[PDB]
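Structure first, commentary second.
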Amino acid sequence: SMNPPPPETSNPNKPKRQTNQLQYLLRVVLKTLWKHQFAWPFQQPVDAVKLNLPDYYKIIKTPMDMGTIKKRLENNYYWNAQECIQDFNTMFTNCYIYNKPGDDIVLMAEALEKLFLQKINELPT
Ligand SMILES: Cc1nnc2ccc(-c3cc(O[C@H](C)[C@H]4CNC(=O)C4)c4cccnc4c3)cn12
């Protein structure tokens, strides 16, 4: 029981575009969360073996992390801003599913999610 391959970060059959919303997602949303004191546990895929998380990939079938989101934004993988927002939502939700209220990682995820919500509220129209 080890880790799956990380999520894809490049799709060569998918066209690429730069938009004002995608710029905001990289330059404000991802950058702010990535640089936060609590970001390190979320900067790469969950390594259930190194972290001793039994049954992680029996419980979480749609893993996501900020390292994947950063690479997707840097590679212009996202065509729609909603794809990126959905990945951040999946990352936080998985943490809440696997862990318990009051756990250190959940309190860290909640602080990052509050900051995510504050920044996404100012996504340009
Ligand atoms: C995402 C996601 N979803 N569930 C989990 C469950 C655990 C983790 C996790 C926790 C970590 O540290 C703990 C908060 C303390 C124990 N050791 C310390 O140094 C502090 C990590 C420290 C360095 C790198 N990666 C970590 C990943 C992330 N998780």
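Nearest 500 deg cm²/dmol is fine: what mean residue ellipticity at 222 nm does the chain get from its DSSP H runs of n ≥ 4 alone, each adding -39,500 (n - 2.57), divided by its residue count?
Details: 6 runs with 57 residues, N = 125.
Using -39500 (n - 2.57) per qualifying helix, the result is -13000 deg cm²/dmol.
What's the local net charge at residue 39, with K and R +1, D and E -1, over the other residues with C-beta under 13 Å away?
Details: positive: 31, 35, 70; negative: 65, 113.
Net charge in that neighbourhood comes out at +1.
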The size of the Cβ-based charge dipole (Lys, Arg +1; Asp, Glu -1) of the chain about the Cα centre, to the nearest 20 debye, is 420 debye
Note down the net charge around residue 20, summing +1 for each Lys or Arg and -1 for each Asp or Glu among other residues with Cβ under 15 Å from its Cβ.
+2
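Which FRET efficiency value, to the nearest 0.05, is calculated for residue 38 and residue 80 with the Förster distance at 30 angstrom and r the Cβ-Cβ distance? Mind dumping the intermediate values first?
Numbers: r = 28 Å, r/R0 = 0.92.
Given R0 = 30 Å and the Cβ-Cβ separation, E is 0.60.
For segment 19-123, count all C-alpha to C-alpha pairs, find those more than 15 Å apart, and express that count as a whole percent of the total. Mind dumping the intermediate values first?
Details: 3354 of 5460 pairs.
Every Cα pair in segment 19-123 considered, those over 15 Å come to 61 percent.
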Rounded tilt (10° steps) of 81-98 against the dominant C-alpha axis of the chain
10 degrees
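Throughout, read-outs are computed from the coordinates displayed, never taken from laboratory work. Every residue, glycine among them, receives a Cβ derived from its backbone with ideal geometry; neighbour counts consider all protein chains shown.
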